Amino acid sequence: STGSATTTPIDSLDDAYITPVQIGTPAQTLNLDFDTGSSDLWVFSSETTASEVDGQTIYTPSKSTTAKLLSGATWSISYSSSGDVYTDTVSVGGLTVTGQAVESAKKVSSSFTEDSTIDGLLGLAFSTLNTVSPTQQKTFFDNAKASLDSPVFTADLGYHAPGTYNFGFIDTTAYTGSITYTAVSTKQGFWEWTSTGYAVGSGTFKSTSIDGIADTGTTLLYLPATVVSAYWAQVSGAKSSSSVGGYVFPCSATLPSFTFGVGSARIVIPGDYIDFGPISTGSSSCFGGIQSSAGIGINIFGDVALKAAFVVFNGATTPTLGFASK
């Protein structure tokens with residue numbers, strides 16, 4: 001079997017993408033953030049303290065006939081949120097998984113409460129990072145793998161437009177040219193991989209190894225200080241501000257494109273994708289799309305980078321990552 005769902009940006013800047021998901025019988029449709037950077041399926045529930053809910057759709061397990069409490073199991077995660085665990089039927093664009101662990105939130109940080117559009121997260125990293133204790137639970141993709149035609153899923157995120165998440169197949173019309181596959185390392189539990197270099201604007205390709213993670217749940221591109229300093233050196237008037245917490249540039253400037261190497265191929269990010277609008281309403285300074293990873297511990301290839309390509313997350317015995325131009 002296969003699954004296909006549409007994903008839509010939450011706002012004008014592409015801060016996150018929400019996908020409708022059917023949890024329960026009769027179904028309750030929640031709008032979740034598909035995150036390849038984590039491994040938990042958690043939702044705003046009927047058990048969340050009422051003060052931390054501000055417009056979100058809530059999951060109510062008392063109203064579902066296929067819901068069962070996973071007695072004794074508990075979760076706690078930080079990127080924060082914690083609570084109870086139930087098992088129920090989850091379906092994504094027609095693809096149905098019975099017995100999925102659905103993590104019911106009891107506590108949620110104010111960063112989630114302020115985002116009324118996001119009803120929860122659907123973790124798509126490797127199951128080793130699942131926070132359910134004492135019995136670690138499997139992700140939606142790991143539970144569907146046996147029932148899928150092919151153990152894969154693709155990501156076709158749109159620039160100021162909706163996009164798609166397919167499961168069990170590859171759409172040969174969604175991209176141009178061919179797909180370039182690279183080796184994944186599952187040691188840290190992420191879709192970890194090595195880029196073969198970069199180029200700023202119409203410049204020369206600097207061949208160098210950049211180890212990072214492909215993360216749909218992170219908005220921006222976080223690369224090393226040397227690479228980020230080389231980029232912003234080409235934008236007149238750009239500068240790393242302490243007060244803002246990163247690079248900013250005069251909104252009147254035109255950004256050059258950025259290229260990242262996948263094996264022998266090249267994936268181009270247009271300049272426009274790197275502009276995250278003004279810092280405050282009516283401001284003359286704009287926020288940068290390429291920021292330094294120095295204070296994180298890992299390079300993150302977020303939405304800014306991923307939405308310039310047709311990305312394949314091959315979950316075979318030996319996982320790989322595929323990138324193609326679109």
# chains A, B, ... in the order shown; residues from 1 in each chain; ligands from 1

$ residues_around --residues "range 272-274 of chain A" --least-positions-apart "3" --cutoff "12 Å" --atoms "only C-alpha atoms" --output "PDB file with C-alpha atoms, in the first residue's frame"
ATOM      1  CA  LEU A  13       7.618  33.145   5.839  1.00  0.00           C
ATOM      2  CA  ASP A  14       7.533  29.246   5.750  1.00  0.00           C
ATOM      3  CA  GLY A 158       6.950  24.358  -1.518  1.00  0.00           C
ATOM      4  CA  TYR A 159       8.405  27.913  -1.504  1.00  0.00           C
ATOM      5  CA  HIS A 160       5.447  30.109  -0.335  1.00  0.00           C
ATOM      6  CA  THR A 219      13.218  26.113   9.486  1.00  0.00           C
ATOM      7  CA  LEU A 220      16.719  27.444   8.595  1.00  0.00           C
ATOM      8  CA  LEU A 221      20.106  26.227   7.295  1.00  0.00           C
ATOM      9  CA  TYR A 222      22.856  25.969  10.033  1.00  0.00           C
ATOM     10  CA  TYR A 231      28.358  33.944   2.327  1.00  0.00           C
ATOM     11  CA  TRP A 232      27.452  37.141   4.230  1.00  0.00           C
ATOM     12  CA  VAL A 235      26.038  40.951   0.875  1.00  0.00           C
ATOM     13  CA  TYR A 247      23.115  37.707  10.729  1.00  0.00           C
ATOM     14  CA  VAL A 248      20.895  40.443   9.351  1.00  0.00           C
ATOM     15  CA  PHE A 249      21.063  42.495   6.170  1.00  0.00           C
ATOM     16  CA  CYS A 251      16.161  44.712   3.233  1.00  0.00           C
ATOM     17  CA  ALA A 253      19.866  44.239  -0.880  1.00  0.00           C
ATOM     18  CA  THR A 254      19.619  41.308  -3.345  1.00  0.00           C
ATOM     19  CA  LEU A 255      20.876  37.943  -2.026  1.00  0.00           C
ATOM     20  CA  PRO A 256      23.177  35.631  -4.073  1.00  0.00           C
ATOM     21  CA  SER A 257      22.279  31.922  -4.509  1.00  0.00           C
ATOM     22  CA  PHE A 258      23.942  29.100  -2.450  1.00  0.00           C
ATOM     23  CA  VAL A 268      21.061  25.371  -5.951  1.00  0.00           C
ATOM     24  CA  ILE A 269      19.155  27.430  -3.352  1.00  0.00           C
ATOM     25  CA  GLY A 277      11.731  39.380   5.882  1.00  0.00           C
ATOM     26  CA  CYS A 286      16.026  41.683   7.315  1.00  0.00           C
ATOM     27  CA  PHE A 287      16.725  38.300   8.987  1.00  0.00           C
ATOM     28  CA  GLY A 288      19.109  35.829   7.305  1.00  0.00           C
ATOM     29  CA  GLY A 289      18.261  32.315   6.100  1.00  0.00           C
ATOM     30  CA  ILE A 290      21.861  30.989   6.497  1.00  0.00           C
ATOM     31  CA  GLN A 291      23.011  31.006  10.151  1.00  0.00           C
ATOM     32  CA  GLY A 302      16.607  22.621   7.384  1.00  0.00           C
ATOM     33  CA  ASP A 303      13.555  23.707   5.307  1.00  0.00           C
ATOM     34  CA  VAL A 304      15.499  26.536   3.542  1.00  0.00           C
ATOM     35  CA  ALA A 305      17.822  23.874   2.003  1.00  0.00           C
ATOM     36  CA  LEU A 306      15.332  20.965   1.621  1.00  0.00           C
ATOM     37  CA  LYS A 307      12.607  22.986  -0.144  1.00  0.00           C
ATOM     38  CA  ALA A 308      15.002  23.575  -3.163  1.00  0.00           C
TER      39      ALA A 308
END

$ select_by_dssp --residues "range 243-321 of chain A" --states "strand (DSSP E or B)" --output "JSON, numbers by chain"
{"A": [246, 247, 248, 249, 250, 258, 259, 260, 261, 262, 265, 266, 267, 268, 269, 275, 276, 277, 278, 285, 286, 287, 288, 290, 291, 292, 299, 300, 301, 309, 310, 311, 312, 313, 314, 320, 321]}

$ write_last_selection --atoms "N, CA and C atoms" --output "CSV table (one decimal), in the first residue's frame"
chain,number,residue,atom,x,y,z
A,246,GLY,N,22.0,36.6,15.4
A,246,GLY,CA,22.4,36.1,14.1
A,246,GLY,C,22.6,37.2,13.1
A,247,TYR,N,22.9,36.8,11.9
A,247,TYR,CA,23.1,37.7,10.7
A,247,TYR,C,21.8,38.4,10.2
A,248,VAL,N,22.0,39.6,9.9
A,248,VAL,CA,20.9,40.4,9.4
A,248,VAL,C,21.5,41.3,8.2
A,249,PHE,N,20.6,41.8,7.3
A,249,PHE,CA,21.1,42.5,6.2
A,249,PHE,C,20.1,43.6,5.8
A,250,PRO,N,20.5,44.7,5.1
A,250,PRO,CA,19.6,45.7,4.7
A,250,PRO,C,18.6,45.2,3.7
A,258,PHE,N,23.0,30.0,-3.2
A,258,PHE,CA,23.9,29.1,-2.4
A,258,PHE,C,23.8,27.7,-3.0
A,259,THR,N,24.9,27.0,-3.1
A,259,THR,CA,25.0,25.6,-3.7
A,259,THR,C,25.6,24.7,-2.6
A,260,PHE,N,25.1,23.5,-2.5
A,260,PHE,CA,25.6,22.4,-1.6
A,260,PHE,C,25.7,21.2,-2.5
A,261,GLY,N,26.9,20.5,-2.3
A,261,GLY,CA,27.2,19.3,-3.1
A,261,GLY,C,26.6,18.0,-2.6
A,262,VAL,N,26.0,17.2,-3.4
A,262,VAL,CA,25.5,15.9,-3.1
A,262,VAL,C,26.3,15.0,-4.0
A,265,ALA,N,26.7,15.7,-7.7
A,265,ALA,CA,25.7,16.7,-8.1
A,265,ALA,C,25.8,18.0,-7.3
A,266,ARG,N,25.0,19.0,-7.8
A,266,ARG,CA,24.9,20.3,-7.2
A,266,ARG,C,23.4,20.6,-7.0
A,267,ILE,N,23.0,21.2,-5.8
A,267,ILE,CA,21.6,21.6,-5.5
A,267,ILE,C,21.7,23.1,-5.2
A,268,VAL,N,21.1,23.9,-6.1
A,268,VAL,CA,21.1,25.4,-6.0
A,268,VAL,C,19.9,25.9,-5.1
A,269,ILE,N,20.2,26.8,-4.1
A,269,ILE,CA,19.2,27.4,-3.4
A,269,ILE,C,19.1,28.9,-3.9
A,275,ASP,N,15.9,35.0,2.2
A,275,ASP,CA,15.3,36.3,2.8
A,275,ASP,C,14.1,35.9,3.8
A,276,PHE,N,14.3,36.1,5.1
A,276,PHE,CA,13.2,35.8,6.1
A,276,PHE,C,12.5,37.1,6.5
A,277,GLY,N,12.4,38.1,5.6
A,277,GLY,CA,11.7,39.4,5.9
A,277,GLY,C,12.3,40.2,7.0
A,278,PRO,N,11.7,41.4,7.3
A,278,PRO,CA,12.2,42.3,8.4
A,278,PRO,C,12.1,41.6,9.8
A,285,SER,N,16.0,46.4,8.6
A,285,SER,CA,16.9,45.2,8.6
A,285,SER,C,16.1,43.9,8.5
A,286,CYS,N,16.6,43.0,7.6
A,286,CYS,CA,16.0,41.7,7.3
A,286,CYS,C,16.8,40.5,8.0
A,287,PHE,N,16.1,39.5,8.3
A,287,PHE,CA,16.7,38.3,9.0
A,287,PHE,C,17.2,37.3,8.0
A,288,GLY,N,18.5,36.8,8.2
A,288,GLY,CA,19.1,35.8,7.3
A,288,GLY,C,18.7,34.4,7.4
A,290,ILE,N,20.7,31.8,6.2
A,290,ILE,CA,21.9,31.0,6.5
A,290,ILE,C,22.5,31.5,7.8
A,291,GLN,N,22.5,30.7,8.8
A,291,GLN,CA,23.0,31.0,10.2
A,291,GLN,C,24.1,30.0,10.6
A,292,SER,N,24.9,30.4,11.6
A,292,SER,CA,26.0,29.6,12.0
A,292,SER,C,25.6,28.5,13.0
A,299,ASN,N,25.5,20.5,12.2
A,299,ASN,CA,25.1,21.3,11.1
A,299,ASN,C,23.7,20.8,10.7
A,300,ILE,N,22.7,21.7,10.5
A,300,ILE,CA,21.3,21.2,10.2
A,300,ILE,C,21.0,21.7,8.8
A,301,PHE,N,20.6,20.7,8.0
A,301,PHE,CA,20.0,21.1,6.7
A,301,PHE,C,18.5,21.2,6.8
A,309,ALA,N,14.8,21.1,-3.3
A,309,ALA,CA,15.0,19.8,-3.9
A,309,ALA,C,13.8,18.8,-3.6
A,310,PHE,N,13.8,17.7,-4.4
A,310,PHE,CA,13.0,16.5,-4.3
A,310,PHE,C,13.8,15.6,-3.5
A,311,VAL,N,13.5,15.4,-2.2
A,311,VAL,CA,14.3,14.6,-1.3
A,311,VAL,C,13.7,13.2,-0.9
A,312,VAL,N,14.5,12.1,-1.1
A,312,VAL,CA,14.0,10.8,-0.8
A,312,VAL,C,14.7,10.3,0.5
A,313,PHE,N,13.9,9.7,1.4
A,313,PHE,CA,14.3,9.2,2.7
A,313,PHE,C,14.1,7.6,2.5
A,314,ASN,N,15.1,7.0,1.9
A,314,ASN,CA,15.1,5.5,1.7
A,314,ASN,C,15.4,4.7,3.1
A,320,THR,N,19.8,5.4,2.8
A,320,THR,CA,20.4,6.4,2.0
A,320,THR,C,19.5,7.6,1.9
A,321,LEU,N,20.0,8.7,1.3
A,321,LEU,CA,19.3,9.9,1.1
A,321,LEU,C,19.5,10.3,-0.4

$ closest_residue --among "A:183, A:170, A:199, A:32" --to "residue 16 in chain A" --atoms "only C-alpha atoms"
A:32

$ closest_residue --among "A:216, A:154, A:39, A:143" --to "residue 95 in chain A" --atoms "only C-alpha atoms"
A:143

$ closest_residue --among "A:1, A:226, A:8, A:317" --to "residue 164 in chain A" --atoms "only C-alpha atoms"
A:8

$ closest_residue --among "A:316, A:125, A:174, A:41" --to "residue 192 in chain A" --atoms "only C-alpha atoms"
A:125

$ closest_residue --among "A:214, A:161, A:58, A:294" --to "residue 228 in chain A" --atoms "only C-alpha atoms"
A:294

$ select_by_dssp --residues "range 234-309 of chain A" --states "alpha helix (DSSP H)" --output "ChimeraX atom specification"
/A:303-306

$ residues_around --residues "residue 186 in chain A" --least-positions-apart "5" --cutoff "10 Å" --atoms "only C-alpha atoms" --output "PyMOL selection string"
chain A and resi 125-126+128+191-193+318-319

$ write_last_selection --atoms "C-alpha atoms" --output "mmCIF file, in the first residue's frame"
data_model
loop_
_atom_site.group_PDB
_atom_site.id
_atom_site.type_symbol
_atom_site.label_atom_id
_atom_site.label_comp_id
_atom_site.auth_asym_id
_atom_site.auth_seq_id
_atom_site.Cartn_x
_atom_site.Cartn_y
_atom_site.Cartn_z
ATOM 1 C CA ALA A 125 13.855 10.182 12.469
ATOM 2 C CA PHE A 126 15.144 6.697 13.554
ATOM 3 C CA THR A 128 16.312 4.873 18.697
ATOM 4 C CA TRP A 191 19.272 11.080 8.882
ATOM 5 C CA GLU A 192 22.992 12.068 9.080
ATOM 6 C CA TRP A 193 24.987 12.566 5.847
ATOM 7 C CA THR A 318 21.237 0.226 4.606
ATOM 8 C CA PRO A 319 19.542 3.698 4.557
#

$ closest_residue --among "A:169, A:141, A:112, A:198" --to "residue 53 in chain A" --atoms "only C-alpha atoms"
A:112

$ residues_around --residues "range 175-177 of chain A" --least-positions-apart "3" --cutoff "9 Å" --atoms "only C-alpha atoms" --output "PyMOL selection string"
chain A and resi 171-172+309-310+324-326

$ write_last_selection --atoms "N, CA and C atoms" --output "compact mmCIF listing (two decimals), in the first residue's frame"
# COMPACT_ATOMS: atom_id res chain seq x y z
N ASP A 171 7.47 9.57 -7.09
CA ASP A 171 6.77 10.22 -8.21
C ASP A 171 7.83 10.73 -9.21
N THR A 172 7.98 10.04 -10.36
CA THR A 172 8.97 10.40 -11.39
C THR A 172 8.64 11.68 -12.16
N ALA A 309 14.83 21.08 -3.31
CA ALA A 309 14.99 19.75 -3.91
C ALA A 309 13.83 18.78 -3.61
N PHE A 310 13.84 17.70 -4.41
CA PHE A 310 12.96 16.55 -4.27
C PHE A 310 13.85 15.61 -3.47
N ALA A 324 17.24 15.44 -5.75
CA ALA A 324 17.10 15.79 -7.17
C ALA A 324 16.56 17.21 -7.32
N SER A 325 16.93 17.87 -8.43
CA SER A 325 16.46 19.22 -8.76
C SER A 325 15.00 19.16 -9.22
N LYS A 326 14.24 20.23 -8.95
CA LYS A 326 12.82 20.33 -9.29
C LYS A 326 12.45 21.75 -9.76

$ atom_distance --atom1 "CA of residue 84 in chain A" --atom2 "CA of residue 10 in chain A"
27.2 Å

$ residues_around --residues "residue 104 in chain A" --least-positions-apart "3" --cutoff "9 Å" --atoms "only C-alpha atoms" --output "VMD selection string"
chain A and resid 41 to 48 59 61 75 82 to 86

$ atom_distance --atom1 "CA of residue 101 in chain A" --atom2 "CA of residue 78 in chain A"
18.5 Å
